[PDB]
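Student: I'd like to ask you about the structure that follows.
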Amino acid sequence: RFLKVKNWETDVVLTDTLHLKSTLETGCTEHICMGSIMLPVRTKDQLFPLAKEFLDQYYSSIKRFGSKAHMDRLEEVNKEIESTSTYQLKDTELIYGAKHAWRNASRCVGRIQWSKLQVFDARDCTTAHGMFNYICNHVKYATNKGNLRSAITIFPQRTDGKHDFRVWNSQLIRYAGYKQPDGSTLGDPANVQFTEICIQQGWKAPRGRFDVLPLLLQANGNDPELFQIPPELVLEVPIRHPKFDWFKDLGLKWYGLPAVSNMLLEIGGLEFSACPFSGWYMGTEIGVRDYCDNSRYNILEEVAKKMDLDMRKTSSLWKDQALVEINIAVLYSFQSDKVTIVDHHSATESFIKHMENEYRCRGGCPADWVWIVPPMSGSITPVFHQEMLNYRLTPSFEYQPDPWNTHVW
Amino acid sequence: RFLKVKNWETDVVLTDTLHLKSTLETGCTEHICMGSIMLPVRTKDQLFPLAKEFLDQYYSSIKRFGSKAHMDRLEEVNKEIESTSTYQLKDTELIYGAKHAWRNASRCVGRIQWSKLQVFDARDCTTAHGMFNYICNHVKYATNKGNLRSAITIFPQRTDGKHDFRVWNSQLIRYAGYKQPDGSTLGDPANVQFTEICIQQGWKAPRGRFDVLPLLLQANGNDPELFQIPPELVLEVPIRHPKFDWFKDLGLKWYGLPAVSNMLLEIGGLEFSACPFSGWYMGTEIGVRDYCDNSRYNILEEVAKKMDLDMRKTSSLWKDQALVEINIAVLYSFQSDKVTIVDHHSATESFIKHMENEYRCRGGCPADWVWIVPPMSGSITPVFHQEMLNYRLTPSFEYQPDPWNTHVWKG
Ligand code: HEM
Ligand code: HEM
Ligand SMILES: Cc1cc(N)nc(C[C@@H]2CNC[C@@H]2OCCN[C@@H]2C[C@H]2c2cccc(Cl)c2)c1
Ligand SMILES: Cc1cc(N)nc(C[C@@H]2CNC[C@@H]2OCCN[C@@H]2C[C@H]2c2cccc(Cl)c2)c1
Ligand SMILES: C[C@H](O)[C@H](O)[C@H]1CNc2nc(N)[nH]c(=O)c2N1
Ligand SMILES: C[C@H](O)[C@H](O)[C@H]1CNc2nc(N)[nH]c(=O)c2N1
Ligand SMILES: [Zn+2]
């Protein structure tokens, strides 16, 4: 229970002590590692230890641990739980909880930024229409005309769990997908289902390739409702290449704001089932994953053809060649249009710096190597050579299943 | 208990029951995953269970579980253990054991090949000179003039742990590394320490960028002895690029035969501390790791320079550009000289078909994702998208510390 991590490129060894404060289960056992499995109410009794654990860490953070003000809040929260079966966070607590859920997100390479997070408190929200208003304000604030700013917006916490707030979308901004008589897929094959659910709720799809999807918002356990985000709030980037004049003709674009909206924020045992958050893209996610995944826009073959490469044998590395050029183009387009983006070299470098800060100041940094190492050029980024320990700390973000599977109408 | 893995590209779901046969520990717990941590004598007492488990597996494999042959062999081994504290494997058991250790090796993408392995039984070897000869024969057989054949050579097992056979080299063929007084390195920085031991053991080093190291071989717990592999036996490939004609003048070459020599093979509780084995390269190992790791030959800068790439910002992806070209060159060069090599697209596709076949016939296939996914172009290979379960089956290969840290010098 005192663990070393070694970087094999630099020989730097760091000692992890933070893992001992870890609480939740990993999915791994002594006999089986589940490191690469993507997926490996609360009663009164369960809630007070959770609240106490959180308030202790909070009061510790502001150097008032064991102070009258610490004990008094523990007292206040205990009474409120006993009498109301739940409790409410102070603004200061909510801000701290959200920043720490990000600090603890072991799959997140950009956490050097964790303390610069603008938190929008949407706990007074009561309808879908209000949710939409909050989300547009989030979008406009975060986008900031291309100078992106990290933000989260936090809707009301769970109660009896039959009144959840949820954003049905997996991200605030994504593109539609429709399956055609042709048998192929137009637009984003990842969202075919969600797009069907939208149309059957009433969306009129402009039956195209890069149709920004409508929001489906569920306030207070109600049936969700549709809203189109103002087109003028969705900053999109046309994709061109600095050297390939034909590239623009693929007709590719992507949206500037990555904004995850399906997670559950847990703070001091309280559960925030709608907490859309956003930062800015690492270029590989668009160029490697969205564009080149087989099940996504799947554009390797068309780009390779346009480059006039040898597609007859895997060993000519035509896929690898086209992959790099696609990613040069994503970075180039975002940079030309002055929209914040980070390349994988720069993002992984800052993360190693972040890991070292966290090791000296905090005793560790939970990190999931399988997600942290970029989907291309892994071993030429410093994170490939860095041992990481993965463990679960709270406050946390947790993945929740798609609500259409669940919800009753 | 059943455990499922998903492929996120295909939605193919597989069910693992084989993990139930797993003995050793992973390093992970309910509270911590050590999946990216590189490193996470027996008594009679622990030995007969291990022997029994093994022979039961062997006898099942051949469809004679519970036969008189099976029961006779159990009795025979038990008696040998109580009487001598160890036991000897029959040839058939050794072969089966060394194949299964490969089969079980969760970090190996090449395992579709597992049933095709040449086993050289070197258990009669007694001296380092005898080890050299065995290793020469292995290299010649495996190389096969570029038509590479997988092989393993198995030296006598551990006895009291004071009489170990070991190959001090980490692979049979690697290049020397010389650390210069200015702090630069000539040749391979990975082999600096070992090169320095060779030299101290009396090696006359040529001091160039690609000097094949001498074998340093330890027999029967004795101090290791130096041998030069006959150069005519060391197949090498000069590295050139199909389109860039300046690439040859970087002066690069690599050896054709990757041959891991530092691992410990465990079969049925017995420990084979010298068991060099070899297959053939996947190109990325040379082109990504050996050439492009910063702590190795580190050629990215020189290549990208010659390619006239924009090097002022990482966002030009100049490193990634130079990386692909170097890997094209490695594959082209090997193919042009008719030396077996597999590209990472081909090897991963084959591995997925192997893993799937194993789930159907064996009830699973332990795989270490962190190692199986190639160190370039990860997500455009099918393995990236494949959930894997990592666990430890015997027979097995295990890492062992370098012997210069443990050896009792006899002088
Ligand atoms: C500011 C720039 C940021 C960068 C460059 C960044 C980078 C990334 C990347 C590349 C991923 C992988 C996503 C994927 O592969 O789908 C990720 C995952 C994640 N990040 Fe960040 N991040 C940023 C901001 C944020 C913020 C503001 C939060 C929360 C407050 C956050 C929390 C998370 C979480 C919880 C995941 C895992 C998502 C999942 O399980 O689907 N990140 N991060
Ligand atoms: C036949 C062609 C083969 C190919 C293409 C192949 C591919 C690979 C690759 C790329 C690695 C990772 C190497 C590294 O990163 O250092 C590996 C690891 C490994 N393979 Fe293979 N392999 C082959 C044959 C074999 C054979 C013949 C054996 C033993 C009989 C073997 C057992 C292992 C073991 C134990 C590891 C883990 C090595 C370690 O921990 O350092 N492989 N395989
Ligand atoms: C089954 C499953 C589990 C989990 N935990 N996540 C997913 C979502 C799956 C997992 N990686 C792909 C897909 O995510 C796409 C969304 N990417 C984030 C937008 C990008 C991003 C980038 C930078 C900053 C931020 Cl805030 C967000 C699926
Ligand atoms: C600390 C440590 C632990 C372990 N388990 N292995 C290592 C050796 C580390 C692990 N990746 C780098 C270094 O290996 C270089 C040798 N690679 C084998 C040549 C390649 C190979 C390729 C194809 C077929 C075969 Cl039989 C063998 C180091
Ligand atoms: C099975 C495997 O865990 C899965 O493909 C993972 C691999 N690593 C990843 N890494 C990131 N950042 N995002 C992902 O979606 C994935 N997918
Ligand atoms: C820290 C990390 O586990 C380490 O760098 C690993 C990652 N994956 C690897 N994969 C292979 N094939 N070989 C390696 O040496 C490594 N090194
Ligand atoms: Zn694990």
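Residue numbers (my numbering), protein chains in the order written: chain S, 1 to 409; chain G, 1001 to 1411.
Backbone N, C-alpha and C define an ideal beta-carbon position, used for all residues, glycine too.
Return the chain-ordered list of same chain residues with a C-beta closer than 7 Å to the C-beta of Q171 of chain S, the five sequence neighbours on each side being excluded.
Tutor: Mapped onto the first sequence, residue 171 of chain S falls at position 171. Contacts found: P258, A259, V260 and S261.
Student: Please check the pair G1251 of chain G and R1209 of chain G, which I expect to be a contact at CB under 8 Å, by giving their CB distance rounded to whole angstroms.
Tutor: Translated into positions along the second sequence, residue 1251 of chain G becomes position 251. Translated into positions along the second sequence, residue 1209 of chain G becomes position 209. For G1251 of chain G against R1209 of chain G, the beta-carbon gap comes to about 7 Å, under 8 Å, which counts as contact.
Student: Tell me which same chain residues have a C-beta within less than 8 Å of the C-beta of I1081 of chain G, skipping the five on either side of it?
Tutor: Sequence index remark: in the second sequence, residue 1081 of chain G carries index 81 (1-based). Counting only Cβ-Cβ distances below 8 Å, and skipping sequence neighbours, we find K1044, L1047, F1048, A1051 and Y1087.
Student: So the alpha helix (DSSP H) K99 of chain S belongs to, where does it begin and stop?
Tutor: Here the question's residue 99 of chain S lines up with position 99 in the first sequence. First-last of the alpha helix (DSSP H) with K99 of chain S: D91 to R103.
Student: With a threshold of 6 Å, establish whether the CB of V1237 of chain G neighbours any heavy atom of ligand 2.
Tutor: Residue mapping note: residue 1237 of chain G aligns to position 237 of the second sequence, counting from 1. Not so, every heavy atom of ligand 2 lies at least 6 Å from the Cβ.
Student: My output table needs one value for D16 of chain S: the three-state DSSP class, helix, strand or coil.
Tutor: Taking the first residue of the first sequence as 1, we reach residue 16 of chain S at position 16. Here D16 of chain S carries a strand assignment [DSSP, helix/strand/coil].
Student: Consider the C-beta atom of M1038 of chain G and the heavy atoms of ligand 4; say whether any pair is separated by less than 6 Å.
Tutor: Here residue 1038 of chain G refers to the residue found at position 38 when the second sequence is read from its first residue. Here the distance from the Cβ of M1038 of chain G to the nearest heavy atom of ligand 4 is below 6 Å.
Student: Taking the alpha carbon of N1357 of chain G as the point to measure from, which residue in G:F1002, G:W1008, G:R1001 and G:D1016 has its own alpha carbon closest?
Tutor: The sequence position of residue 1357 of chain G within the second sequence is 357, counting from 1. It is G:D1016.
Student: For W254 of chain S, which residues does DSSP report across the bridge?
Tutor: In the first sequence, the residue the question calls residue 254 of chain S occupies position 254. For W254 of chain S, which the question treats as bridged, DSSP gives the partners S:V237.
Student: Which value, in whole angstroms, describes the spacing of the CA atoms of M1355 of chain G and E1349 of chain G?
Tutor: The sequence position of residue 1355 of chain G within the second sequence is 355, counting from 1. The sequence position of residue 1349 of chain G within the second sequence is 349, counting from 1. Using only the alpha carbons, I get a separation of about 10 Å.
Student: In whole angstroms, what is the alpha-carbon distance linking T406 of chain S and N78 of chain S?
Tutor: Here residue 406 of chain S refers to the residue found at position 406 when the first sequence is read from its first residue. Here residue 78 of chain S refers to the residue found at position 78 when the first sequence is read from its first residue. Approximately 32 Å between the Cα atoms of the pair.
Student: Starting from the beta carbon of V1237 of chain G, find every residue of chain S whose beta carbon is closer than 9 Å, and list them in chain order.
Tutor: The residue you call residue 1237 of chain G lines up with position 237 of the second sequence. The contacting residues do not exist; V1237 of chain G stays about 15 Å from chain S at best.
Student: Name the residue from S:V234, S:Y391 and S:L226 whose alpha carbon lies nearest to the alpha carbon of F132 of chain S.
Tutor: By one-based count along the first sequence, residue 132 of chain S stands at place 132. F132 of chain S has its Cα closest to that of S:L226, out of S:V234, S:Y391 and S:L226.
Student: Identify whether residue 996 of chain G lies in helix, strand or coil by the three-state DSSP scheme.
Tutor: With chain G covering 1001 to 1411 only, the question about residue 996 of chain G has no answer from this structure.
Student: If contacts are defined as beta-carbon pairs under 8 Å, then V339 of chain S and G146 of chain S qualify, I think. What distance do you get, rounded to the angstrom?
Tutor: Position 339 of the first sequence, counting from 1, holds the residue named residue 339 of chain S. Position 146 of the first sequence, counting from 1, holds the residue named residue 146 of chain S. At roughly 4 Å, the Cβ-Cβ gap stays under 8 Å, so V339 of chain S and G146 of chain S are in contact.
Student: Assuming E271 of chain S contacts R158 of chain S (C-beta within less than 8 Å), just tell me the rounded distance between them.
Tutor: What you label residue 271 of chain S is simply residue 271 of the first sequence in a count that begins at 1. What you label residue 158 of chain S is simply residue 158 of the first sequence in a count that begins at 1. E271 of chain S to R158 of chain S, Cβ: 4 Å. Contact.
Student: Beta-carbon within less than 7 Å of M263 of chain S's beta-carbon, same chain only, minus the 5 sequence neighbours each way: which residues are those?
Tutor: If you number the first sequence from 1, residue 263 of chain S lands on position 263. Hits under 7 Å: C275, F397, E398, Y399 and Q400.
Student: Counting only beta-carbon atoms, is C365 of chain S nearer than 7 Å to chain G?
Tutor: Counting from 1 along the first sequence, the entry for residue 365 of chain S is found at position 365. Not an interface residue.
Student: Which residue's Cα is closest to the Cα of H1163 of chain G: G:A1347, G:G1221, G:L1074 and G:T1284?
Tutor: Translated into positions along the second sequence, residue 1163 of chain G becomes position 163. It is G:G1221.
Student: Can you name, in chain order, every residue of its own chain whose Cβ lies under 7 Å from the Cβ of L74 of chain S, other than the five neighbours on each side?
Tutor: Counted from its first residue, the first sequence places residue 74 of chain S at position 74. Contacts found: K52 and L55.
Student: What does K1179 of chain G pair with, by DSSP beta-bridge criteria?
Tutor: Indexing the second sequence from 1 puts residue 1179 of chain G at position 179. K1179 of chain G is bridged to G:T1185.
Student: Residues of chain G with a CB under 8 Å from the CB of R289 of chain S: which are they?
Tutor: Indexing the first sequence from 1 puts residue 289 of chain S at position 289. The contact set of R289 of chain S on chain G, defined by CB atoms closer than 8 Å, consists of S1379 in chain order.
Student: Please classify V5 of chain S: does DSSP put it in a helix, a strand, or coil?
Tutor: Mapped onto the first sequence, residue 5 of chain S falls at position 5. Note: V5 of chain S maps to strand in three-state DSSP.
Student: What did DSSP end up calling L323 of chain S once you bin it into helix, strand or coil?
Tutor: Within the first sequence, residue 323 of chain S is the residue found at index 323, counting from 1. Of the three classes helix, strand and coil, the one that applies to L323 of chain S here is helix, per DSSP.
Student: With 16 as the cutoff for other CB atoms within 10 Å, does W1008 of chain G come out buried or exposed?
Tutor: Residue 1008 of chain G sits at position 8 when you count from the first residue of the second sequence. Under this definition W1008 of chain G is an exposed residue.
Student: When burial is assigned at 16 or more other CB atoms within 10 Å of the CB, is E325 of chain S buried or exposed?
Tutor: Within the first sequence, residue 325 of chain S is the residue found at index 325, counting from 1. Sixteen is the threshold: when 16 or more other Cβ atoms of the shown chains lie within 10 Å of the Cβ of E325 of chain S, as they do, the residue is buried.
Student: Within 10 Å of its beta-carbon, does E266 of chain S have 16 or more other beta-carbons around it, so buried, or fewer, so exposed?
Tutor: If you number the first sequence from 1, residue 266 of chain S lands on position 266. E266 of chain S is buried by the Cβ-count criterion.
Student: Below 7 Å between beta carbons: does that hold for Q1218 of chain G and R1289 of chain G?
Tutor: The residue labelled residue 1218 of chain G in the question sits at position 218 within the second sequence. The residue labelled residue 1289 of chain G in the question sits at position 289 within the second sequence. Their beta carbons are not under 7 Å apart, which means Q1218 of chain G does not touch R1289 of chain G by this criterion.
Student: On a CA-only basis, which of S:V5, S:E93, S:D211 and S:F65 is nearest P189 of chain S? Give me that one, please.
Tutor: Taking the first residue of the first sequence as 1, we reach residue 189 of chain S at position 189. Of the residues S:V5, S:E93, S:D211 and S:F65, the one whose Cα lies closest to the Cα of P189 of chain S is S:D211.
Student: I'd like to know if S1036 of chain G contacts chain S, where contact means its C-beta is closer than 7 Å to some C-beta of that chain.
Tutor: Taking the second sequence and counting its residues from 1, the one referred to as residue 1036 of chain G is at position 36. Answer yes: the Cβ-Cβ gap between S1036 of chain G and chain S drops below 7 Å somewhere.
Student: Per DSSP, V383 of chain S forms a beta bridge with which residues?
Tutor: What you label residue 383 of chain S is simply residue 383 of the first sequence in a count that begins at 1. The partner list for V383 of chain S (beta bridge, DSSP) is empty, contrary to what the question assumes.
Student: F1194 of chain G lies in the alpha helix (DSSP H); which residues open and close that run?
Tutor: As a first step, residue 1194 of chain G must be located in the second sequence, where it is residue number 194. Looking at the DSSP string, the run of the alpha helix (DSSP H) that includes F1194 of chain G is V1192 to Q1200.
Student: Which bits of chain S does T1314 of chain G rub up against, with CB to CB less than 9 Å?
Tutor: The count along the second sequence starts at 1 and reaches residue 1314 of chain G at position 314. Correct list: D343, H344, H345, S346 and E349.
Student: Do we get a CB-CB distance below 7 Å when we pair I1032 of chain G with the residues of chain S?
Tutor: Counting from one through the second sequence, the residue named residue 1032 of chain G turns up at place 32. Yes, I1032 of chain G counts as interfacial toward chain S.
Student: So, is the C-beta of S278 of chain S closer than 7 Å to a C-beta in chain G?
Tutor: If you number the first sequence from 1, residue 278 of chain S lands on position 278. No, its Cβ sits nowhere closer than 7 Å to a Cβ of chain G.
Student: Near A304 of chain S, which residues of its chain fall below 8 Å by C-beta distance, leaving aside the five closest residues on each side in sequence?
Tutor: On the first sequence, residue 304 of chain S is found 304 positions in, with the first residue counted as 1. These residues qualify, in order along the chain: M311, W318, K319, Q321 and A322.
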